[PDB]
Amino acid sequence: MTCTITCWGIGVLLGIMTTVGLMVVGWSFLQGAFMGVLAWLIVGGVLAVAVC
Amino acid sequence: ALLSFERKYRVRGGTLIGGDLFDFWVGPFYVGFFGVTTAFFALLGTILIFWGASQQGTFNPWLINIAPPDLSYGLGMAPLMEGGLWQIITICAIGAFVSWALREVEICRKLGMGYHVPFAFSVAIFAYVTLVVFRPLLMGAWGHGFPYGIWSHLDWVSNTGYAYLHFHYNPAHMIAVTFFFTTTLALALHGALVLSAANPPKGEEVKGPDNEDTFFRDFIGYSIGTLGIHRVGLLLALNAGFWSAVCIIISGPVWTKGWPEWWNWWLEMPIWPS
Amino acid sequence: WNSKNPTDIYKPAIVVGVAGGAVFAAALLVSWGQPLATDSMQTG
Amino acid sequence: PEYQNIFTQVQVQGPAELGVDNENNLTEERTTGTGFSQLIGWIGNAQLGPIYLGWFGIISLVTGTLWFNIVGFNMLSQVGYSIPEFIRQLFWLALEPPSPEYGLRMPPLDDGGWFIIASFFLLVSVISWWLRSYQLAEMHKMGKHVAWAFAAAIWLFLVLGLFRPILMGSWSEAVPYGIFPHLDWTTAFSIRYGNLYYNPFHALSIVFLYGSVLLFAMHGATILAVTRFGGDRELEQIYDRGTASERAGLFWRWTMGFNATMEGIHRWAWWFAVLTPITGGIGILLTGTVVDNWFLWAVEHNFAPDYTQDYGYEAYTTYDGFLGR
Amino acid sequence: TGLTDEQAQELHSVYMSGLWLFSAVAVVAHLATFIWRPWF
Amino acid sequence: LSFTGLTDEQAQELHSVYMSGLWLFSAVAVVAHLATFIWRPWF
Amino acid sequence: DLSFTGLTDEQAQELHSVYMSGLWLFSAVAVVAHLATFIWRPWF
Amino acid sequence: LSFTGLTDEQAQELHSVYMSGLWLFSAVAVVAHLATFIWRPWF
Amino acid sequence: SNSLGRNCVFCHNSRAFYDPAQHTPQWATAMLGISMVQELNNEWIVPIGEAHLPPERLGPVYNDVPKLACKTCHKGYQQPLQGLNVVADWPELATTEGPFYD
Amino acid sequence: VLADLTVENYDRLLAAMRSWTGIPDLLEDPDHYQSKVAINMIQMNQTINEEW
Amino acid sequence: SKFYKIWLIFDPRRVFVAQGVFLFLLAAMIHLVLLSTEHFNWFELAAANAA
Amino acid sequence: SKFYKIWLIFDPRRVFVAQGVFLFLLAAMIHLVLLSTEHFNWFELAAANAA
Amino acid sequence: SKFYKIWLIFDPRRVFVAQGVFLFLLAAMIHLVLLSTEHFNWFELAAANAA
Amino acid sequence: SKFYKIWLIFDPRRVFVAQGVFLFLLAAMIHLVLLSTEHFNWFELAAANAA
Amino acid sequence: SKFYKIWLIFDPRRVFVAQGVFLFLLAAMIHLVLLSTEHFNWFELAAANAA
Ligand code: BCL
Ligand code: BCL
Ligand SMILES: CC[C@H]1c2cc3[nH]c4c(c3C)C(=O)[C@H](C(=O)OC)c4c3nc(cc4[nH]c(cc(n2)[C@@H]1C)c(C(C)=O)c4C)[C@@H](C)[C@@H]3CCC(=O)OC/C=C(\C)CCC[C@H](C)CCC[C@H](C)CCCC(C)C
Ligand SMILES: CC[C@H]1c2cc3[nH]c4c(c3C)C(=O)[C@H](C(=O)OC)c4c3nc(cc4[nH]c(cc(n2)[C@@H]1C)c(C(C)=O)c4C)[C@@H](C)[C@@H]3CCC(=O)OC/C=C(\C)CCC[C@H](C)CCC[C@H](C)CCCC(C)C
Ligand SMILES: COC(C)(C)C(=O)/C=C/C(C)=C/C=C/C(C)=C/C=C/C(C)=C/C=C/C=C(C)/C=C/C=C(\C)CC/C=C(/C)CCC=C(C)C
Ligand SMILES: COC(C)(C)C(=O)/C=C/C(C)=C/C=C/C(C)=C/C=C/C(C)=C/C=C/C=C(C)/C=C/C=C(\C)CC/C=C(\C)CCC=C(C)C
Ligand SMILES: COC(C)(C)C(=O)/C=C/C(C)=C/C=C/C(C)=C/C=C/C(C)=C/C=C/C=C(C)/C=C/C=C(\C)CC/C=C(\C)CCC=C(C)C
Ligand SMILES: COC(C)(C)C(=O)/C=C/C(C)=C/C=C/C(C)=C/C=C/C(C)=C/C=C/C=C(C)/C=C/C=C(\C)CC/C=C(\C)CCC=C(C)C
Ligand SMILES: COC(C)(C)C(=O)/C=C/C(C)=C/C=C/C(C)=C/C=C/C(C)=C/C=C/C=C(C)/C=C/C=C(\C)CC/C=C(\C)CCC=C(C)C
Ligand SMILES: COC(C)(C)C(=O)/C=C/C(C)=C/C=C/C(C)=C/C=C/C(C)=C/C=C\C=C(C)\C=C\C=C(/C)CC/C=C(/C)CCC=C(C)C
Ligand SMILES: COC(C)(C)C(=O)/C=C/C(C)=C/C=C/C(C)=C/C=C/C(C)=C\C=C\C=C(C)\C=C\C=C(\C)CC/C=C(\C)CCC=C(C)C
Ligand SMILES: COC(C)(C)C(=O)\C=C/C(C)=C/C=C/C(C)=C/C=C/C(C)=C/C=C\C=C(C)\C=C\C=C(\C)CC/C=C(/C)CCC=C(C)C
Ligand SMILES: [Fe+3]
């Protein structure tokens, strides 16, 4: 691999960034985490397929 | 006694501690250093249960109940008949479980096989440890552990479940329960394939791995394989043990309100129109 | 002079960092102590 | 450390395996369309092979969709065709069973009438899938353990929604078609009939449910521990026992005094899983039709624990003391 | 698979040069922080 | 000497571009920080 | 003359020239959009 | 040079058609946004 | 439970929700609360709302008078205002037959 | 219902109810619906502390 | 100046996809951040501006 | 001045990807930290300044 | 002080990555604890100085 | 006295790395214990010293 | 006496590492026990004398 894991690692980092970003602008930790989980699955999944 | 093939495997060595001082077999059981400690802890714990049962007034296995101390005692030791016996049996139980897992390490080291079983048992130990010491430690009292009774420890589960007003809504309980119903799903189908292939209709040849590989391919459109089912199978059951440990360690130390109230994050999201 | 024989140099460091970590966590849990105490009341 | 056989470290992909065949001519109804997924290939086999689509499979798939659609169309119409509200309340909406006032008669479409029709298609869909499992095993010339194990699951499935409501004389005893509502039904069912913990068959089903996960963790770990001896090829270890079966047996013989064979492990595996819904089906069938209160049944049969301590919080602490004031 | 004597000679010299450069900024930063807001 | 296959002269050429990129990134960062300090100082 | 991507120096030079033109154009539109936003509602 | 095994002449042909479609899609959007701004301005 | 801020085991023993011998003394107080809420809603709150409350104070669906329940007083606490003595200094609201300051 | 109270007690209680109910004009106009609700609701409050 | 050598390290096909995904998400996130604020939300301002 | 030898140890492809991810994550983290504070929150400052 | 003999037994790839991560984690931790305190929090102090 | 013979049984390569981890963990532990204290939290003493 | 023969029984390298871990773990555990108390807490004791 060495690229799918990196893309997966990029997605989870973006998910954490989107998690704290929503908390700063309001929202809640649980609501922000779900979007972070969603961002990790979507962006990480898209990257794992779009770029290899 | 031995088996028809056991003699060539009963070799000296493979111990973690104690060497050949304890390296022998009693009957079929392997006795190690941790088989000695297992015998001490299991027997002491079992006897103390019946000693507590004697003073409790009943020897009925259903009605035997060694309960933890009151929440007022905190994390300190309690009088042995005011909940202190439960604390000693817990120490004996933890010592027996850890010794049992470590004894399995010596057994599988002597057989030159992987340590998957002692690791998998350690998850079961962790599920027990998070129930009897970790969760009581976080909640500040030994009285939060489950009592040592066949039916008495069901009342603890029922009360702890309703301590959060509907325990099915626990998100980690949902994940953990989904793993149990699927682990039994995987066990039923995996056990069925091997039995079906090895036991065809009378008068017909037994089948190989290909026939079961193509059966669920014909059945559900995909077969995970002979090796894959054990790999996903251990993971399904380990996740069942791990997530069950999670669902109870977040109930009270991390979440004190009702579990339905947890899902309020999803209901009142900003995206949902009023 | 030097020794050129093979040696797993990080093997003892890892176990020290784990045993020390348990002591590190215990000292914090004794000094600061139980960040979320979640005290309970007995009703039975 | 040593390679724990949890994820395959190298994958090989060749021509797609279309499957075996015999005089039953399986290839007629196979899709002959294969795909390979390298993500699922890390833990298992990577080929998303062709699926045999027969008439039991198609009828089950079609009727299952009708039950799925009727439930879904009702849920969508329950929120007034509001898609954002349907998604938001997806885990909360359901197709509720008929009201108890209608007994076993056909209720109005809005008051459980569509539930019976949706349940009718679900019952046909589930039975058709079971027939597919039975037919596929017969056409593959193997044993019917897959169908027999499925029938055990259907037994609890039939008792929950078909047999017990008929015995109880009311369609209202069925389980609602919802994510949370069948959890609410599960909790309400235990509360209504005393405490389902004290149902011996519920306790028995838990024993085999715990045993199923316990065994299949044990079997999965043991096979992976002996997979260095080709233990994952269990079938060849049954017809010709290798050291993988010997060490797997001797590991458990030296641990707990007794073991199994490479074939006998799956008999333990099959029966513990099969007994989970069989005892559960009996326990549910005996609930309401016979008992109606399980804790009182436990008290009557003298296996309900008795407690001597007081019950109020005032007996252990004070309101001010708990508040720390 | 190991370093020669010559290889480690230049590696240490670079590492020390980075050590002083990193420390020099840190010492300056700490002095600036102490003047701005002392902690003693 | 090398661990990743790059020659000594290749790394010298690569480092020069990297430092030039690093200085450019730091140059605008200094300008960005200087403008922010005037707008809202934190000292 | 190292190249981990198989591109020659001439190929990479031409690719950057197009990419640079496909960076100023994106930035020029962004600059115009940012200027219009600042006139509409300034943020500093 | 060509990672997709596609010639330079083909790429220019493909882009010219793609740009023609892009402008047509954008031309509709400009008219669509102009109609919306008249009906309900957002500035 | 939500109105009191407590849980189900505050007033009940989970193994027997029916058994009066397995109930805490708070269960008896809650049982008195059910009667009080019904009396307040049926005879006090609804009759006065149906004659004086304006349409903007009524319900959305049935245009019904707002009613009170457990959470109206507790508002998420085991006792209203955490057991604060709110009637010692207000004898006027303590009885219906003239204040008794004594 | 509250006319039998003394002058200092009536003023003390009436001022408290306005603060308690957040209505600065409570019991000012007898024909007001809020005042008429309060008069009945004073009796209900006394009933809670006495009957219940 | 001679930044063109970054393509000798980064695969142009790999970086272009990553940059395209990053730029849209950054643009979407910033747009959503402005909507979160009560001063730069152009949708709510138009409602207030129209009175 | 001898720091160029760091590239003999680290593969440029691995470090550059790590540096790019770290630099943006650090930059985003500092930006979010400022937005949390009531002083260095330019979105709220514009609202207060306009009012 | 030469002390260059230590580098013979160490892999430069492993120690540099471990040290580089360690320094940033240490630097971030000290910056975080300073922000936790009400005296050395320069973000809160800047607000007080302005007001 | 004659403690130089500890290296005849202990490996100096492994001991040096092992004690380095131990020493840092000790220093991090002791430093973080002082912060919990109300008398040796030098961050809080600066606040009291200023006031 | 004649206790020097324990090294003819115990491996000097193996006992020393076990002794080192045991001695530090015992020392750390005992120090933490005093911190868990009130009388033998030199950190809390110093604060009391200050007041
Ligand atoms: C009112 C009741 C609530 C409820 C409240 C709880 C509570 C409370 C708990 C669970 C927990 C669990 N619940 Mg729930 N739960 C409810 C409804 C359900 C339903 C259902 C269909 O309705 C299901 C399937 C489950 C399923 C489960 C699993 C997630 C889990 C079970 C324990 C576990 O995993 O093992 C883990 C336990 C072990 C692995 C035991 C370890 C064994 C040791 C190591 C070995 C024993 C050796 C011993 C000495 C025997 C040797 C003697 C002889 C020699 C052999 N719950 C209802 C709604 N649920 C329990 C849990 O998660 O525990 C972690 C938990 O505490
Ligand atoms: C407050 C909650 C009550 C409770 C109320 C109930 C009720 C009610 C029931 C159980 C039952 C079960 N409980 Mg209980 N239970 C509680 C506490 C627990 C605890 C615990 C730790 O506390 C545990 C572990 C359990 C465990 C269990 C299992 C042993 C058992 C289910 C058997 C089975 O496998 O079901 C799995 C079987 C099915 C899911 C149905 C078969 C499904 C069919 C065949 C599949 C059709 C698929 C369908 C078409 C959809 C297909 C879609 C695909 C995508 C294509 N209960 C407490 C007491 N429990 C069951 C029982 O009694 O068994 C005797 C049951 O009915
Ligand atoms: C991955 C998680 C799953 C799991 C796995 C698992 N369990 C395992 C293993 C594995 C992989 C083993 O290898 C090991 C084994 O050898 O099993 C046959 C084992 C094992 N888990 C067992 C049972 C078991 N597993 C359970 C569940 C699970 N274990 C999970 C489903 C449960 C549940 C749900 O409760 C039980 C009861 C045993 C058969 C065995 C452990 C044997 C052992 O510990 O032996 C030493 C101890 C004694 C002989 C007796 C000790 C007595 C004590 C001193 C006193 C009593 C303490 C106890 C708290 C009593 C409480 C009683 C009341 C609660 C009724
Ligand atoms: C009791 C022990 C375990 C068990 C055993 C068990 N279950 C089994 C079996 C066995 C032995 C099978 O052989 C059988 C099987 O085939 O498994 C793969 C099965 C099975 N049990 C299943 C699941 C299952 N198992 C469960 C539990 C368990 N059963 C335990 C874990 C449960 C629970 C927790 O209740 C469930 C839900 C199924 C996966 C499978 C057979 C069900 C089946 O296929 O029914 C026919 C229905 C359909 C084909 C369609 C269903 C509805 C679709 C989702 C609709 C289509 C949606 C799609 C979006 C199309 C939309 C179209 C429109 C837009 C037009
Ligand atoms: C007195 O009364 C007065 C005041 C007069 C009055 O009434 C005021 C009214 C006023 C002002 C009208 C205000 C309304 C307005 C303005 C209506 C908006 C108008 C809109 C929205 C226009 C729709 C057209 C969009 C299409 C139809 C796109 C089609 C898209 C196509 C299909 C492209 C997609 C297909 C592809 C293939 C591309 C994908 C490519 C690849 C896959 C390669
Ligand atoms: C609240 O918590 C509080 C209380 C705060 C707390 O915990 C207190 C903190 C405590 C106790 C921790 C104490 C910290 C300690 C002890 C950390 C020592 C710090 C050190 C050591 C700094 C290293 C700097 C290394 C660099 C920056 C090198 C630069 C060199 C680089 C790497 C280039 C080298 C590369 C080459 C030359 C090229 C390669 C060469 C060839 C290929 C030849
Ligand atoms: C919460 O607490 C708070 C207080 C907030 C907190 O955390 C405080 C922040 C903390 C502690 C972070 C500490 C910051 C640090 C450590 C800063 C690291 C940042 C660094 C070092 C900047 C690198 C810049 C590198 C570039 C941008 C190069 C550009 C490269 C260009 C693009 C050239 C690339 C191309 C080539 C090389 C060509 C190849 C050549 C050939 C092929 C020949
Ligand atoms: C919450 O907190 C807040 C505060 C919000 C926050 O987080 C703040 C976030 C912050 C400040 C993020 C920092 C942003 C940064 C750093 C922005 C990077 C953005 C960049 C760099 C823009 C590149 C654009 C270049 C293009 C897109 C060119 C187009 C290229 C075209 C398509 C041509 C390509 C085609 C070819 C080359 C042909 C091939 C050639 C041959 C075959 C020869
Ligand atoms: C409040 O803010 C919220 C809402 C939060 C928010 O997120 C804001 C939204 C944000 C920031 C999104 C930013 C939008 C962007 C970036 C818009 C991208 C849009 C683009 C780029 C338009 C492409 C149009 C291309 C077409 C449609 C071509 C048509 C193609 C035609 C059909 C030709 C096809 C080919 C052939 C026919 C044959 C060719 C082959 C040969 C010739 C061989
Ligand atoms: C639960 O109940 C409560 C009440 C709470 C409870 O606690 C009850 C506790 C209960 C009942 C425990 C009862 C304790 C018992 C029975 C323990 C007896 C203790 C024993 C037996 C230990 C002898 C001391 C051994 C040493 C210390 C040897 C020293 C050896 C030295 C080092 C010599 C070796 C040196 C050599 C050089 C060898 C020569 C070698 C060559 C010649 C080669
Ligand atoms: C009139 O009133 C006045 C007076 C205004 C007033 O109010 C008083 C205010 C006053 C006095 C201001 C007090 C100044 C303060 C508080 C400023 C602290 C700031 C300090 C001290 C310095 C920071 C500089 C940080 C850099 C720039 C580091 C550079 C490090 C870089 C990032 C390199 C690190 C990375 C590596 C080495 C990589 C190694 C690689 C491997 C290991 C692989
Ligand atoms: C996007 O597409 C659209 C389409 C829009 C959509 O919405 C998609 C659909 C969506 C989202 C609905 C999602 C469905 C959900 C969540 C349902 C979960 C289902 C659950 C949890 C099942 C509980 C267990 C029920 C039992 C145990 C039954 C057993 C009963 C059986 C069936 C026995 C037969 C019963 C009878 C009464 C016989 C009647 C026959 C005669 C009378 C002859
Ligand atoms: Fe198997």
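Residues numbered from 1 in each chain as written, not as in the entry; some residues may be left out. Chains lettered and ligands numbered in written order. Part of a larger assembly, values for the part shown. Heavy atoms only, no water.

J.: Please explain the overall build of chain E as it appears in this structure.
T.: Each helix and strand counted, chain E has one helix and zero strands in total. Each of the three principal axes of chain E carries a C-alpha extent, and together these read 50 × 15 × 10 Å. The proportion of buried residues among the 40 residues of chain E is 18%. As displayed, chain E has an accessible area near 3,000 Å², and 73% of this comes from carbon and sulfur atoms. (Helix = DSSP H or I, 4+ residues; strand = E, 2+ residues; numbered from the N terminus. Buried < 20%, exposed > 50% of the residue type's maximum accessible area, 1.4 Å probe, protein only. Areas by Shrake-Rupley, 256 points an atom, 1.4 Å probe, with all protein chains shown as cover.)

J.: Would you explain the packing of aromatic side chains in this entry?
T.: Describing an aromatic ring pair means giving the distance of the ring centres and the angle of the ring planes. This model, assessed by the stated rule, comprises 94 aromatic pairs over all chains. Taken together, a centroid distance of 5.9 Å and an interplanar angle of 35° make the contact between B:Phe216 and B:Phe219 tilted. With B:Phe216 and B:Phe219 both in helix α6 (residues 209-220) and three residues apart, the pair spans about one turn of that helix. You'll find B:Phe216 and B:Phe219 in the same group, each marked buried. Between N:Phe22 and O:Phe24 the ring centres are 4.9 Å apart and the planes differ by 85°, which places this aromatic pair in the edge-to-face class. Here N:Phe22 is found in helix α1 (residues 12-36), whereas its partner O:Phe24 is found in helix α1 (residues 12-36) on a different chain. When its relative accessible area of 24% is taken as the criterion, O:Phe24 is described as partly exposed. These aromatic residues form a ring-pair network of at least three members: A:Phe34, B:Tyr169, B:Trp262, B:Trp263, B:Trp265, B:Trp266, B:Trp272, D:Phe91, D:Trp92 and D:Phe180. A cation over an aromatic ring shows up here: F:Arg40 above the ring of F:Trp39, its NZ or CZ 5.8 Å from the ring centre. (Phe/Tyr/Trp six-rings, centres within 6.5 Å; stacked < 30°, edge-to-face > 60°. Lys NZ or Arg CZ within 6 Å of the ring centre and 35° of its normal.)

J.: So what exactly am I meant to see when it comes to the coordination of the magnesium atom of ligand 1 here?
T.: As a benchmark, a tetrahedral metal site with four donors has ideal angles of 109.5 degrees, while an octahedral site with six donors has ideal angles of 90 or 180 degrees. Of all protein atoms, B:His173 (NE2) alone acts as a donor to the magnesium atom of ligand 1, lying 1.9 Å away. Relative to the helices and strands, B:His173 resides in helix α5 (residues 171-198). (Donors = N, O, S within 2.8 Å, 3.2 Å for Na, K, Ca; no water.)

J.: Would you take a moment to explain the coordination of the magnesium atom of ligand 2 for this structure?
T.: Among protein residues, the single donor to the magnesium atom of ligand 2 is D:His202 (NE2), with a metal-donor distance of 1.9 Å. Inspection of the secondary structure puts D:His202 in helix α6 (residues 200-225).

J.: Explanation requested: the UniProt feature "binding site: Fe(3+)" (unreviewed entry) in chain B in the structure shown.
T.: Under the present numbering, the feature "binding site: Fe(3+)" (unreviewed entry) in UniProt falls on B:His190 and B:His230. The annotated residues occupy 41 residues of the chain but converge on a single region, no pair of C-alpha atoms lying more than 8.9 Å apart. As for its position among the elements, B:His190 is in helix α5. The class of B:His190 is buried, set by a relative accessible area of 7%. If we skip the residues at most four places from it in the chain, B:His190 touches B:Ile229, B:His230, D:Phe216, D:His219, D:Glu234 and D:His266. For B:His230, the location among the structural elements is in helix α7 (residues 226-249). By relative accessible area, B:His230 is classed as buried at 1%. (UniProt positions renumbered as here; feature names shortened; annotations may be inferred. Contact = heavy atoms within 4.5 Å.)

J.: Is there a simple way to explain the site of ligand 9 in this structure?
T.: Near ligand 9 there are 14 residues, and of these H:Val17, H:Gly21, K:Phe24, K:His31 and K:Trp42 occur at the shortest range. Ligand 9 sits at the junction of chains H and K, each of which supplies nearby residues. Coverage of ligand 9 by the protein chains reaches 45% of its 1,100 Å² of free accessible surface. For the shell around ligand 9, the elements supplying multiple residues, two or more each, are α1 (8-39) of chain H together with α2 (12-36) of chain K. By residue number, the principal contributor to the shell around ligand 9 is α1(H), which donates seven residues. A breakdown of the residues in the shell around ligand 9 according to their chemical character gives eleven nonpolar, two polar and one charged. (Near = heavy atom within 4 Å. Nonpolar A, V, L, I, M, F, W, Y, C, P; charged D, E, K, R; others polar.)

J.: How do you make sense of the interface of chain B and chain D when you look at a structure like this?
T.: Where interface size is quoted, it is often the accessible area lost as the parts come together. Each partner contributes residues to the interface: chain B has 100 residues there, and chain D has 99 residues. Each partner contributes to the roughly 9,000 Å² buried at the junction of chain B and chain D, and carbon and sulfur atoms together form 69% of this total. Remark: the boundary between chain B and chain D carries three salt bridges. Taking the shortest distance from any N to any O, the salt bridge between D:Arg253 and B:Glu6 comes out at 3.7 Å. Those elements that provide at least two residues to the side of chain B that touches chain D are β2 (29-31), α2 (80-110), α3 (116-139), α4 (152-162), α5, α6, α7 and α8 (264-267) of chain B. (Buried area = accessible area lost by both parts, 1.4 Å probe. Salt bridge = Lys/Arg side-chain N within 4 Å of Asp/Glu carboxyl O.)

J.: Looking at this model, I keep getting lost on the packing of α3(B) against α6(D). Mind explaining?
T.: Packed helices, taken two at a time, are described by the angle between their axes plus the distance between the axes. At a minimum axis separation of 8 Å, α3(B) and α6(D) run at an interaxial angle of 150°. Taken together, α3(B) and α6(D) sit at an angle that is classed as roughly antiparallel. Read as a crossing pair, α3(B) and α6(D) show a hand that is right-handed. Counting all contacts with α3(B), which are made through B:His116, B:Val117 and B:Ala120, the residues of α6(D) involved are D:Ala217, D:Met218, D:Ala221, D:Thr222, D:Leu224 and D:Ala225. In terms of residue class, the contact of α3(B) with α6(D) is made up of seven nonpolar, two polar and no charged. (Axes fitted to C-alpha atoms, helices over the stretch in contact; angles between N-to-C directions. Parallel < 35°, antiparallel > 145°, perpendicular 65-115°, else oblique. Left-handed = near helix turned anticlockwise from the far one by under 90°.)

J.: Can you walk me through the site of ligand 12 in this structure?
T.: All names here are of chain D. The immediate surroundings of ligand 12 are formed by 25 residues, with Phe-68, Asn-69, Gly-72, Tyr-177 and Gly-178 found nearest. When the free accessible area of ligand 12 is taken as 1,100 Å², the share hidden by the protein chains comes to 76%. When residues of the shell around ligand 12 are traced back to their parent elements, those giving at least two are α1 (55-78), α3 (113-139) and α4 (145-168). Of all the elements, α1 adds the most residues to the shell around ligand 12, at seven residues. Its residues assigned to classes, the shell around ligand 12 shows 19 nonpolar, six polar and no charged.

J.: I keep staring at the arrangement of the chains and nothing clicks. Help me out?
T.: Taken together, the 30 pairs of chains in contact show their highest number of contacts between chains B and D. Contact between chain B and chain H is absent, and the least distance between their C-alpha atoms amounts to 21 Å.

J.: Whenever I open this one, the UniProt feature "transmembrane region" (unreviewed entry) in chain E confuses me. Can you help?
T.: Summarizing the sequence annotation, UniProt attributes the feature "transmembrane region" (unreviewed entry) to residues 14-36 of chain E in the numbering used throughout. Secondary structure content for residues 14-36 of chain E is 100% helix and 0% strand, while the C-alpha to C-alpha distance between its ends is 33 Å.

J.: What exactly am I supposed to notice about unusual backbone geometry here?
T.: With the exception of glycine, most residues fall at negative phi, and the peptide bonds are largely trans. With phi around 60°, D:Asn25 is a residue other than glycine that occupies positive phi space. Checked against the element boundaries, D:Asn25 lands in the segment before β1 (35-36). Under the relative-accessibility criterion, D:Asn25 is labelled partly exposed at 33%. Its identity as a non-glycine residue notwithstanding, M:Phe3 has a phi of 50°, on the positive side. Relative to the helices and strands, M:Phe3 resides in the segment before α1 (12-36). You can call M:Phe3 exposed: its relative accessible area is 53%.

J.: Just to check I follow, could you spell out the nonpolar core for this structure?
T.: Generally speaking, soluble globular proteins have nonpolar side chains that are buried together. One finds B:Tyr128, B:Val132, B:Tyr148 and B:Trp259 to be the most contacted residues of the largest nonpolar core, which totals 39 residues. For this core, the secondary-structure elements that each account for two or more residues are α1 (33-56), α2, α3, α5, α7 and α8 of chain B. (Core = buried A, V, L, I, M, F, W, Y, C linked by side-chain atoms within 4.5 Å.)

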